[PDB]
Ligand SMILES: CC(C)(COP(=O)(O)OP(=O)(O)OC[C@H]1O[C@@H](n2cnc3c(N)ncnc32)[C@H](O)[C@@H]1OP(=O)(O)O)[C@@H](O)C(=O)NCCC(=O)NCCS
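The chain below stands alone, shown as structure tokens; this is the form solved without coenzyme A.
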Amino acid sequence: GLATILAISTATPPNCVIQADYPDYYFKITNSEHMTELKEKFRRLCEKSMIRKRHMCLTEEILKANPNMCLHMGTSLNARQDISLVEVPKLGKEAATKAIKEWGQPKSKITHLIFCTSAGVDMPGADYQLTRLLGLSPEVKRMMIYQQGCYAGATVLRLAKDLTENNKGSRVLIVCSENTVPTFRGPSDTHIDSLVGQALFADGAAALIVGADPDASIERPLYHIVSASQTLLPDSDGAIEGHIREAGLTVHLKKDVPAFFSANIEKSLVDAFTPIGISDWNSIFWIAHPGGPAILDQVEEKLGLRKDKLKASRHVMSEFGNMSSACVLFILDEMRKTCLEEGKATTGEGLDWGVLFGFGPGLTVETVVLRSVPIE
């Protein structure tokens, strides 16, 4: 009885920004059009991002009401909190409602809730807000995963596996909800790494139902969570940092983040798949947190992946940008929907075994081994 994903749904705020137009908009809304060379640098970041569009509850109108958010380091945490702390459970509820509808069982059967966001902290947390918004049972067992950044979409699966497998009959609702409200800020020609965030980060929420021992008469498995690991990369201290400050969430990068991930990723593959007898990385299906396009390019190069292995991952990046923890969950939804639509033999692009990677601060790699489910 492995933890099994039984439903997936997603949600995004209606407001959408076209990446091709973002450099003009961003340098206008931040009053930085005189920064002609930095605008060109940002234009190249956006072109290289391989993102077509991003959803953002931050509208021009809200930014106009919050000018300190358009500065690079304007005092603005309170304004960011006021917006984000409402948005996070609101967007998460939209995804959760759809996931519960697909699942088809009463919400009273939800025994556990995992909520995950890096978009703003509060007491009680977004898990409490979502519980009240959805009308979950007051006895729902909640785990609130705050501020773990971009690997946390795999973290919640690692958590959900132990929760559901140790508690017979349990059904876990997972909700990840992320947005750019804490990180949006104006440009600085001494903080280029902050510009990278302005080119990549986006809003989105994903919700899943997870449970061991599915009842085949009422539930439909999509993926089985076989194993889940976490590791810190050698000599990587300080590569990615995010600080929660009076100016909001500031982001700090070293140059060769992609090099660390690509140089170390095969060790996670070896540890996870050699015990199963698997060594051909093109023979498994892939879900890779795509928030750094260079990371996927370099992993693909390093391992010699066929250019289609990362297609669903890069697809979600193109249509949605870096939604932090939400991305890998969006990608799972994309994969199982595409495989059903195309008559593939399994929810894992016709393959039996799969890998799901989360990447983020540490540097941390989360490695989840999945089994697909046959499609008949």
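For clarity, a rigid core is taken as the largest C-alpha set superposing within 1.5 Å between two forms. Numbering starts at 1 and runs along the sequence shown.
In 5 other deposited structures of this protein, superposed by the rigid core, the C-alpha atoms of 254-262 lie farther from the shown form than the other of 143-151 and 254-262.
Two stretches are in play, 213-221 and 109-117, and the higher mean C-alpha B-factor belongs to 213-221. Comparing 334-342 with 319-327, the stretch with the higher mean C-alpha B-factor in the PDB entry is 334-342.
Going by the entry's values, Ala294 shows the largest Cα B-factor out of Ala294, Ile244, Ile287, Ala205. Looking only at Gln129, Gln148, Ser229, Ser194, the residue with the top Cα B factor in the deposited structure is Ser194. Ranked within its chain, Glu165 lands in the lowest third, by CA B factor from the PDB record. Looking at the C-alpha B-factors along this chain, the one for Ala3 belongs to the lowest third.
Split the chain's modelled residues into thirds by C-alpha temperature factor. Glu366 is in the lowest one. Sort the modelled residues of the chain by CA B factor and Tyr25 lands in the highest third.
The PDB entry assigns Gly277 a C-alpha temperature factor belonging to the middle third of its chain's modelled residues.
As for the form solved in complex with coenzyme A, it is not shown, yet the points below apply to it.
Stretch 250-258 is the contacting one of 91-99, 250-258, 167-175, 68-76, since its residues have non-hydrogen atoms within 4.5 Å of coenzyme A in the deposited complex. Remark: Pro293 counts among the residues lining coenzyme A in the deposited complex, judged by a heavy atom distance of 4.5 Å or less. The closest non-hydrogen atom of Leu45 lies within 4.5 Å of coenzyme A in the deposited complex. Contact annotation for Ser49: at least one heavy atom lies within 4.5 Å of coenzyme A in the deposited complex. Proximity of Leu208 to coenzyme A in the deposited complex falls outside the 4.5 Å heavy atom cutoff.
For the candidate spot formed by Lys41, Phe201 and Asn322, every residue has a non-hydrogen atom within 4.5 angstroms of coenzyme A in the deposited complex.
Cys150 is the sole member of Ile287, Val181, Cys150, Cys116 with a non-hydrogen atom within 4.5 Å of coenzyme A in the deposited complex. A heavy atom within 4.5 Å of coenzyme A in the deposited complex is found for one listed residue only; from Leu134, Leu85, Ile278, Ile240, this is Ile240. Along 171-209, these residues reach a heavy atom to within 4.5 Å of coenzyme A in the deposited complex: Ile192, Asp193, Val196, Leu200, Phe201.
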